[PDB]
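Working through the structure, step by step
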Amino acid sequence: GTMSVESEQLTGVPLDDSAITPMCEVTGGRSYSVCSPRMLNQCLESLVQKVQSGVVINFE
Amino acid sequence: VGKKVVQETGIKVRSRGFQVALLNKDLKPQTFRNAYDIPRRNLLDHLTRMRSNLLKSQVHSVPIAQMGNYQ
Amino acid sequence: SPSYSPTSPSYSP
Amino acid sequence: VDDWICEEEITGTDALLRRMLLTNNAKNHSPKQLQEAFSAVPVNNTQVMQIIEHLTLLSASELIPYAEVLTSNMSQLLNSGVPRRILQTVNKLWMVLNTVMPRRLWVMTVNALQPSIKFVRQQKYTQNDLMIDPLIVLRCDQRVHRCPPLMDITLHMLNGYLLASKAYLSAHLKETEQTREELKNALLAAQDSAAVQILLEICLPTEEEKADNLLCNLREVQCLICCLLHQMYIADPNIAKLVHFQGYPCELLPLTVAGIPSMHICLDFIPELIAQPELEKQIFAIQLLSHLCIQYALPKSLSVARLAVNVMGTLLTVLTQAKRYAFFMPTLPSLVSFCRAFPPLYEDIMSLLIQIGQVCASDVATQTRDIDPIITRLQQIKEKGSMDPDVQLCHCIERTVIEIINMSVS
Amino acid sequence: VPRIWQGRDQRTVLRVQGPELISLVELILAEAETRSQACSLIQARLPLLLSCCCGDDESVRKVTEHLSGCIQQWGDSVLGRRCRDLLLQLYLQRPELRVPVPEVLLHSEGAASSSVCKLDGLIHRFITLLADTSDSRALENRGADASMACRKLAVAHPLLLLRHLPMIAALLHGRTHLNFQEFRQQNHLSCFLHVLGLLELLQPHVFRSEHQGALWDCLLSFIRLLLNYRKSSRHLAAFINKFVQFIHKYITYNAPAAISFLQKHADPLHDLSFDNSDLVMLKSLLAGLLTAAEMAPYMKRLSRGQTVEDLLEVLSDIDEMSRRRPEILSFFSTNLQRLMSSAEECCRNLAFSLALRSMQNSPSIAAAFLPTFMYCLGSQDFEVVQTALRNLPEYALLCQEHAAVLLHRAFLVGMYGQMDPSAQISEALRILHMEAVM
Amino acid sequence: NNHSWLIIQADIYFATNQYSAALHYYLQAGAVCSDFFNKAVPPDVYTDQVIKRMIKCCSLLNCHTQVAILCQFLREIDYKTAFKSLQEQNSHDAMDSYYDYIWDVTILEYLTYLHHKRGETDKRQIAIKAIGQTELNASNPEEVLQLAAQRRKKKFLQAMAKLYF
Amino acid sequence: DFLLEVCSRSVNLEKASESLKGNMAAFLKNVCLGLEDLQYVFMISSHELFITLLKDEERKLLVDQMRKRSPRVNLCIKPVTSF
Amino acid sequence: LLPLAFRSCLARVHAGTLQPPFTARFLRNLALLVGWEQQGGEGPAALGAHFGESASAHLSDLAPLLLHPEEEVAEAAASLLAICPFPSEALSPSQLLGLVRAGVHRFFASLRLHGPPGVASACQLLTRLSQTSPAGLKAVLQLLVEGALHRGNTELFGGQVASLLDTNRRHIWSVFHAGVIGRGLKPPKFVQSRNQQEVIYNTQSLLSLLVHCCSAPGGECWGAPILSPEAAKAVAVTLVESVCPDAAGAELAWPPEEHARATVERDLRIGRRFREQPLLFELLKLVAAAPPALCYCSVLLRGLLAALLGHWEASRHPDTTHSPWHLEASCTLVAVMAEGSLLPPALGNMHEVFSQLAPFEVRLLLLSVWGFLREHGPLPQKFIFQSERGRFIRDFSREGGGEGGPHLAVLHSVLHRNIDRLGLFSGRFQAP
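Residues numbered from 1 in each chain as written, not as in the entry; some residues may be left out. Chains lettered and ligands numbered in written order. Part of a larger assembly, values for the part shown. Heavy atoms only, no water. Residues with missing side-chain atoms left out of burial classes, pairs and counts.

For this coordinate set, the PDB header names cryo-EM as the determination method and states a resolution of 4.1 Å.

1. Observations regarding the interface of chain D and chain E
Taken together, the contact pairs 42 residues of chain D with 38 residues of chain E. Of all elements in the fold, only α13 (217-235), α15 (253-259), α21 (346-366) and α22 (389-408) of chain D reach the threshold of two or more residues within the side of chain D that touches chain E. Considered class by class, the residues forming the side of chain D that touches chain E number 25 nonpolar, nine polar and eight charged. (Contact = heavy atoms within 4.5 Å. Helix = DSSP H or I, 4+ residues; strand = E, 2+ residues; numbered from the N terminus. Nonpolar A, V, L, I, M, F, W, Y, C, P; charged D, E, K, R; others polar.)

2. Notes on the interface of chain H and chain F
Counting residues at the interface gives 22 residues for chain H, matched by 20 residues for chain F. At the boundary of chain H with chain F, total buried surface from both sides reaches about 1,700 Å², with 57% on carbon and sulfur atoms. Linking chain H to chain F there are two salt bridges. When the shortest N-O distance is used, the salt bridge between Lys-138 of chain H and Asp-35 of chain F registers 3.6 Å. The tally of links from chain H across to chain F stands at five residue pairs in polar contact. Sorting the residues of the side of chain H that touches chain F by element identifies α7 (93-114) and α9 (134-148) of chain H as the ones contributing at least two each. (Buried area = accessible area lost by both parts, 1.4 Å probe. Salt bridge = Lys/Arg side-chain N within 4 Å of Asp/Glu carboxyl O. Polar contact = N/O pair within 3.5 Å; in protein donor to acceptor, adjacent residues only side chain to side chain.)

3. Overview of helix α19 (residues 405-417) of chain H
Here α19 of chain H spans 18 Å end to end across 13 residues, near enough to the 18 Å set by a 1.5 Å rise per residue. Contacts made by the buried residues of α19 of chain H are with α17 (359-376) of chain H. (Expected span 1.5 Å × (residues − 1).)

4. Notes on the pattern of salt bridges
Residues and elements named next belong to chain E. Counted by the stated rule, this structure contains 57 salt bridges over all chains. Residues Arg-357 and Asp-319 are paired through a salt bridge, measuring 3.1 Å at the closest nitrogen-oxygen approach. On the criterion of sequence distance, the pair formed by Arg-357 in helix α22 (residues 345-361) and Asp-319 in helix α20 (residues 308-324) is long-range, its members being 38 residues apart. Given a relative accessible area of 22%, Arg-357 falls into the partly exposed group. Two residues, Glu-345 and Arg-348, come together in a salt bridge whose shortest N-O distance is 2.7 Å. Taken together, the positions of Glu-345 and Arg-348, both in helix α22 and three residues apart, correspond to about one turn of that helix. (Buried < 20%, exposed > 50% of the residue type's maximum accessible area, 1.4 Å probe, protein only.)

5. Digging into the arrangement of the chains
Counting contacts across all 13 pairs of chains that touch, the top pair turns out to be chains D and E. Nothing in chain C touches chain E; the tightest C-alpha to C-alpha distance between them is still 9 Å.

6. Regarding the nonpolar core
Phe-338 of chain D, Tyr-395 of chain E together with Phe-107 and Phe-354 of chain H are the most contacted members of the largest nonpolar core, which totals 411 residues. Of the residues forming this core, the biggest block, 14 residues, is contributed by helix α11 (residues 180-203) of chain D. Ignoring any residue separated from it by four or fewer positions in sequence, one finds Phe-107 of chain H in contact with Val-119, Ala-122, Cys-123, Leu-126, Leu-144, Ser-205, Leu-206 and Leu-209 of chain H. Core analysis: the next-biggest nonpolar cluster, separate from the first, contains 61 residues, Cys-117, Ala-154, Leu-172 and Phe-243 of chain E among them. (Core = buried A, V, L, I, M, F, W, Y, C linked by side-chain atoms within 4.5 Å.)

7. Remarks on the packing of helix α5 (residues 79-86) of chain F against helix α6 (residues 105-117) of chain F
All names here are of chain F. Taken N-terminus to C-terminus, the directions of α5 and α6 make an angle of 25 degrees; their axes are 11 Å apart at the nearest point. Classified by the interaxial angle, the pair formed by α5 and α6 is roughly parallel. Where α5 crosses over α6, the handedness of that crossing is right-handed. Contacts between α5 and α6 involve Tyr-79, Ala-82, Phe-83 and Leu-86 from the first element and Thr-106, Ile-107, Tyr-110, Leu-111 and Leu-114 from the second. Tallied by class, residues from the contact of α5 with α6 come to eight nonpolar, one polar and no charged. (Axes fitted to C-alpha atoms, helices over the stretch in contact; angles between N-to-C directions. Parallel < 35°, antiparallel > 145°, perpendicular 65-115°, else oblique. Left-handed = near helix turned anticlockwise from the far one by under 90°.)

What follows is the structure, given as structure tokens:
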């Protein structure tokens, strides 16, 4: 709610710790703990880069 | 997916069956065809208007998307 | 009916 | 039927008096003699009284030459100090003329009752102008609203032109058509209901009247309007339903419930009026039902009172803070009326009342207040204004509780 | 004027100030004096007075006190008698004015002739309702409320009951002949006890001419019942004790009426005296024509009682004596006005029960318990409030003239507190509505 | 002014089912500890057992939004009884006037769902306006969130003290 | 007394407008109200500036109100006897 | 006898019996007896009635009578409770809260009715109830200032604030207008008419009561008692809660000046509250009288400062005289910070020059206030307790740059720009 930015947002996008994260991980995707509008733009850009045709493989 | 079903507009009055209706926008008021839709404060002027309209002599509420369509 | 009081004597045909 | 049934013989007393009182060359009371008697600047009410009191003996046919002089001069009768005898006699003569030359008489009586703002004040209304718009009849002078004979004239003309408009629009619709039916019916219904609403607003006491109710010109006018509305509601009960759905000032409710015997039909659409989403329609339904229950204590009246108490207790938990205040300030005085009419509602009424009281006390405790009714828990009776709404609603709940208890103990 | 009433259906109100209304009643008195040289004209002008009062209590009370002054100033003039006539008619039409009745009205004779009253239908409903003493125990407690409500109405407004004396005579004529076993199983002796208590209250206004005739009929019914159970008269010793208390009061105020009644029916009385040798009191009556000293240690223990055990034991003792002897509770009234505010639960409940029994026996003293009752309602101890609300309808019915403020306080403590008195307040409202309006 | 004895009196009333009186004495104990709720009430007085007893007292008096406010006093917020209480419609409390004392976004999410399902749109707008508050954002810095909770806690307990004393 | 000295030196009595005199009198009245010990309101009331600024009846009302703020009473304690 | 007599008489009062003239007489005589007992002598000593010890038992029954609709009953109850001792041990929290709520209501009602003359009894009662406990003190201060700032009672302190028949008559055969916007014409707005001097002295009575409550119970024959920083802290926190329910930005640290552009709605809300209710500045000065308490009201100071900075930045006028309220608010705000020692004396003196400057330099000086408060910080830990007198002290010199170097520099630049008119004021800003 309140403007609380810092240089912490300058680093890469973090993962989340909520209930959607494990199901995101087991599907081959990932979550995006977005906390700022600029990192929202970064998350969206990375998401466009991850829209690709193919199949996922559980490598062991 | 088209959602041909719709939700109700009731309250189901209890006995502490009968229900009081809720307001519904874009229900197509029939003010010129139904006198019950006329508010009391807007009665005489509406009466004059639809009296003139019945004789030989709402509109302009288009959605904003199809409002500047010049093509 | 609007023309008769509710307590009026009913008319039986 | 009223313009026809007055022709009926009561005894023939008037035949006898016409035979006996008309011989001594009394026909010298010419219409222009009456006009001279009227136009005299000291008025001389004795002279005009004498002339018209002779005129009552004339049959309707020979009264026709006198029509213009006593219509055109009738705006003078609105002035103060004109005795009731002349107004009643002019009413009788107008009612007589109404039996022979009604259309001409109405057209030339509407023009005689304009407010006289201008030099002529538009003395040019015709039959067609009044048939397209009968509400011109109620655009007449301010002063006839407390002149019961002239009010009776106006009501006769208004009823006539309402029916005339009903016919005229059908005739014009047939001519033009060579949908529109729905538009015609809606126009007639809205026109009739607007007439009823204007008549109800005439019944209201203006602020000048605010400065003994039963014995006043206002009460006579109210009785005339009530008789007219009774005729309208008998003729078309859908008009009564439409008028009450529109609503009118709640101050008129004791008057219109007492004075109009055909309002027990309202009990057949109070459930439909309650169901309306508008809060004001619901409040009016509660108030109208309370007055009807105090009038007609029927089993169906109690059933609708139960429904009203249930709906009022239901939306207690539906309304927000502001809407709760707005709804429960006018509808709480209806509970003493329900309790008067129906003792079996006591448990439901007091359970509802304690629920609203607890809700409002909780709401009072939420914020700082200037009065703080909670710590006034042990104050006494206050038998009988900038306070905040929650304390006002608390005091209203208490007030209806004392009214209920006073009523039950008296 | 018809113009004012045009359009009304005529199937089921003028404002005037004080001095105008006084002039109006003076003009009615002038009418009455001019006509007397009947009550018909004075009754005829009465609806005009009521149409000008419009039911305002202030106007009714002002007319009442002006008439009291007129009676006192005029002495016993003819106009003073007419003042009494329209005053009694006004009391009949508007008995909501709870002014105590002056003796000048008690000496008035015209109340028991043809007249019109507003509350007669209600009290008629009361007595026929109390008479149907069917087997349902809820209905039995309803009948008990009816009996004590009629007790309070008798002590408060006697004269309205006195026009309902042939009523009770007829009610008792019905059930006298039925046998003893069906008498006790259908529970009709309680109705006799209730009406006996009523009549015991109703004295000495129950001792005028038309009242004397209704009493004679009622006493014929009573002695018919007494002779009907000559073989089983030994279980009703307290009832016969109440009967002879009534007899002693009857000979005390109206000796010649009692003598006339007994001598006219001397054969059944002598038959009852001979048949039942156990009737000492009857023989003694026919031939002839307690205190603080005992309660003092008990109120001592109650006053100097600190532990709950002492209060419990002395209150249980007072309870058992009052069950034997209900008249003794009037002495303890002040003490258990304070004990019914006590924090202890069982002791307070017992004090409440005994206080209610006390003022139910004596409906006059209930008004004295009012400040302590609504102190209990307003107490910060929630148990005290709860037990006061429990006892609210009974006390409110015993108070009536203060049931308005009582129920208003009950509602206020209900809504500003968190308790729900709707059941109790609604029951009280139902009962006193049946008291007042319908 | 002995809060231990005040809690004892509250529990004595609570066992005898005098719920209004029990609430009275619980709030009195709280007002002894925190100076009329100006400070945080110590956790060793308003324990989760005491708060659960207060929850039961409020529920049995049909003050259901008050049950919803007290449900977030607990160390682990009891959403089951909060949601169960808010489903009730026979409330004897101010209802929508208490939505300013809810600082939990989950409770307000449920309130908005309930008022939307039951059709009361104006109360739904009040709940949405309450969620749409800057200080109410669950992603706020922590010290902001305890400050919002503490001020709402103080206001709510003072309102209950006014209502119940 | 120093406040009264400043007050008297700063009023410009009978030359200042009636507004200044009214405000001055109101301040003296209200500082009298705020006092607790009665000798202080007496010493302010005894001042020439005070008795000149206001009328007679209002100052009498002020002093009696201040006196009745903390009234002194005496009561009989000896038991009633008619011997 | 006395407990029983008082109990019976109060029970009769709380019932419809014992009509209010007799009630007022009873309370007056009871007050006379209690005061006479307090008026210690041979009489109360010999009698041993214990009027005070008995009437203290029924305090809870006397507080409702203090809210009676009858004025004589209310005054009589107020006077009696003003003198009547509290119970021997202490007061119950419900009992205390009820007494305080009744007392503040009586105070405001009697201030409305009789003005400052008819206020002393309620004031004495509230002062005694504040001396009872810190809980009682906090309740008294909170409820007193909250009732002061309510929609009601704010006028005492200068706060701010048929159809179809006529429609038919005005009708012409066409409506002409296609509708009516809203409910027609707007109303003629509100109207105000209240004496300024009466407002001044209502404020004086309220502030005197608050100072009595805040100070320790009353050596050197001049000087004043120490205002309690705990009491003024209570006033400050309830002032904060009343004006702006906090927790958007409420840490005592002052944020950067650009952060004021993110809370601008809240700052405008605070500015309107200060404009509408003039006594918020009075209570602000009261808070400032105790030094460390003004730190806890730093949210209001920051919000009002942001509102004033926004106004001065958006002022196209060439002089501050065209913004009378904003000029006075800026002067008062800097003076309040100086009085509370949130600024050093050099920086706190520049409210003298604000009437002379234009909007942009006064905006710069207020930004220097903001910069100094960011640099140093209005925190209560800096206020060290110097026990030579018994009150807190801030000494900026120890904090480093306690004169406010850059801020003094911008102030002196503003002075040097307008040296033609700020020549005489140059002596108020000497760093030594």
